[PDB]
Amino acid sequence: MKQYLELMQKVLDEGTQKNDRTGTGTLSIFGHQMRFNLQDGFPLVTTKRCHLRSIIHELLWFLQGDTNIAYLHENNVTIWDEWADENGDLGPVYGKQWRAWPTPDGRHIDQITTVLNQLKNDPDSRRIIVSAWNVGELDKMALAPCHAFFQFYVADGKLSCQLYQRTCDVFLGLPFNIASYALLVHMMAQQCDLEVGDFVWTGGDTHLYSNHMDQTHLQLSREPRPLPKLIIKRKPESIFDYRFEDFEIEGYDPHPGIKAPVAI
C-alpha cells in the first residue's frame, strides 16, 4: 500500500545502521506515524501476497484471554510456537492483559469489556484505552508486548483507533500487524453500530533487517493495487462471539508472495 511502501523507502533513505537483539544488523528509524482510512478499503498489503488465516485466529485468541496456544494449535496456527514452552504456555502475554490485567488487590481487569462499555456510554471519553504493557508482569511473559497500547476515538459516527507499536520489523511483521488491528476496529465498530474510521499506526523502533534488503527493493518495484473489502457475514451478540468463518475478503489481487528469511 502507498503508506507501507513510503515507510519502507523512508527506512532505506533515513535509517541508521546498527543491530538488534545482537544478531542480524538493521537499518532503523525512531518514531513514525501513518493513517489508513478504513472506508477506502481493508489495509491488507497487495505488493506481496498475504493471508488472513493466522491473523484472524490470533485475534479471536487474544479476545478470549487464554494465553495457552492450544486453540492456535488445533487450527494449525504456528506463529507462537517459537515462544511457547513444553506445556504450550506463553506467560501473561497480550490476551491475559487485555482480558484479565491483574491488580495488586486481587482483581482481574477486563479492558476489552471496559472499552466497549465506554464506546457505548461515553464515546467522547479521552481514555478509551487498552494497554498490554503491564510492567509488573513483563518478566513472566515469553515476549514483551510489541503492540503495546491502543486507544479508540469516536467522531461523526465513525470509530478510529491508534496503536503504539514499540518495535517493528517492517518487512516481516508490519503487514500482519496492520491487518490485525484493522480487523479489530471493524469488529468493535460492528458491535457498537458505528462506521469504521481511521486506523492510526504509530511506531517506535521501526526497522528493516539487513537480510531483507533485496526483498524490500523487489517489493518497492511493484505498484500497489486497489485494496480489498472486508466482509463480515454475521453480527455476533458480543465481541467475544466471533467465529473464523465470519470473515471474508473480496477483491484481493496481490503480487506474488515474498519469503522472509530469518537468522536464529
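The numbering used is simple: start at 1 and walk along the sequence shown.
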Given the B-factors recorded for C-alpha atoms, which segment has the greater mean, 180 to 188 or 81 to 89? 81 to 89
Higher of the two mean Cα B-factors (121 to 129, 190 to 198; per PDB record) comes from 190 to 198
By the entry's values, the third containing the CA B factor of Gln33 is the lowest
Is the Cα B-factor recorded for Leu27 in the lowest, middle or highest third of its chain? middle
Here the Cα B-factor of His207, set against its chain, lands in the third termed lowest
Where the record places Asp139 (Cα B-factor, split into thirds across the chain): middle
Please say which third, lowest, middle or highest, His147 falls into when its CA temperature factor is compared across its chain. lowest
